[PDB]
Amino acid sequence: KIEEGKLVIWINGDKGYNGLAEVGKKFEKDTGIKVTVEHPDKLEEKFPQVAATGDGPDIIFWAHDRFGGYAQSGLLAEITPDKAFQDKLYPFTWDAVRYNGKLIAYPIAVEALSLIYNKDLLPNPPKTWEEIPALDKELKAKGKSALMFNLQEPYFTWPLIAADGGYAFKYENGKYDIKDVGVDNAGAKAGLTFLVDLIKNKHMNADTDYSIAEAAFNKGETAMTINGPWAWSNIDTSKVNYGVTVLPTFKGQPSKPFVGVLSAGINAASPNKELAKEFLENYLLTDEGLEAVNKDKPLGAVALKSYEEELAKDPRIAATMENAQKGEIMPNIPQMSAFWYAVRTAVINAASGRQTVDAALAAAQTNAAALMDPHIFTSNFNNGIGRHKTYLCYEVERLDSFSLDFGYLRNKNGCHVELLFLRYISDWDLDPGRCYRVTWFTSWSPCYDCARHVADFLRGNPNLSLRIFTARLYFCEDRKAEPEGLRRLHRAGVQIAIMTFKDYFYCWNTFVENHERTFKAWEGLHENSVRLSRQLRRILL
């Protein structure tokens, strides 16, 4: 449901979407092809929903942190720029859009948050966060506040949380450990506690959003703020005398903002994949293109070497790059949106008092995971009681071993969990140059049909290993076909086993929102496990 011979673009409203629409005009004049530029709310949320059915825009613009998700779902076309073009752009920006061995998007510009001060109210901006209270007291007397920034988005408070030692996923040896999450470590709590204490002590209000803070600073009501390049335009229009310096340090260490890389990706359902490539390579990622945009609203430090050398003379851009170096670049992995949704809830609740810092950050670590209700796990994985629904917990590892994703799903819409997993892993289109191992923890054995498709799919993909651990056996009677289906899976190389306490214990700690409560085994677990183990042993002979 996407029009051919036309380009629709989605970009966020805080970017220079008018500047971009002009590049679409130049492009239209030189080709005849119309270029619509829309900027819907929550476009980053809307895209995956529409794109999954063959609708959506041809090009989507967002920071790169959300693209691994889009790629896993099979929503992005593979971009393929020649070696000549890849030279035009800084190497490290290409690395930000590298996922699953492919390039998934075109990098446009590097964004990072900076401290923005009013020279008239504060000629010397504070070097530490700890001054801000005394600074706010000194200023409150004159009818002004010291600092105002958006507290409704974790992006803006992340620099303070990350400073003392908070982090998203541990990065070591070039890879990300998705099981080592550092949102609740000592550092995180320290930085966030400072934030809350500012709110308790009446130096910041908890309800301050983006528009409120932007209006405060642009009317000279608050001495400082914290924002990105995109904000500079309206500060100019307001004729405030502003500087753009380094984010203050916390406990001696620098604030570590998450660095975004504005990126264009192409809808895999687009018929206009060529048009999009032509537009992005030869009209936007040029000198003329980026300027048209950067004049509407600043991009930061663009990815285009030629045009960046020119922009880097700006002292504002210098500070941006200084903060970016101090900080880290955002991971692009699918876990990132979950992480962002989680951290968001923490800062809001901790800031409003609904929770304590320690409590909020605890829940964040847990929420960022795909976790089951404990009642649902016990209700369904009991090896003695047969519910009429199937649950599947899965882990997907890479044999280099190293885990890429873990989650759970249940049968839905008359669609068995086995076929649902097949779609999820097909859509992903894993790099066939490497080897992976899929592990299922399922509550029922697979029906006969699904045993075909899983066997077919596995002979279709020699580089995948499947291990199924099951709680019960479905229709393993002699007047049923299912028992052979388990042999056919076994012959396709699949390791089938019955779950045991070790397995239930692992699942309890991995796929369940257990609240630290220890796994209590049910009466008949060890007996049922033993009985079934033999019953299976009898099937695979």
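Just count from 1 along the sequence shown to find any residue number.
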Between residue 400 and residue 401, count the deposited residues left without coordinates and pick a bin: none, 1 to 3, 4 to 9, 10 or more.
1 to 3
Mean C-alpha temperature factor, higher of 504-512 and 63-71
504-512
Pick between 348-356 and 412-420: the one whose mean CA B-factor in the entry is higher.
412-420
Going by the deposited entry, which of 395, 209, 164, 281 has the highest CA temperature factor?
164
Select one of 38, 30, 44, 58: the residue whose C-alpha shows the highest B-factor in the crystal structure entry.
30
Would you mind ranking residue 444 by its C-alpha B-factor against the rest of the chain and naming the third, lowest, middle or highest?
lowest
Taking only the Cα B-factors deposited for this chain, tell me whether residue 451 sits in the lowest, middle or highest third.
middle
For residue 496, does the deposited CA B-factor place it in the lowest, middle or highest third of the chain?
middle
Once the chain's modelled residues are ordered by C-alpha B factor and cut into thirds, is residue 171 in the lowest, middle or highest one?
highest
Among modelled residues of the same chain, the CA temperature factor third for residue 485
highest
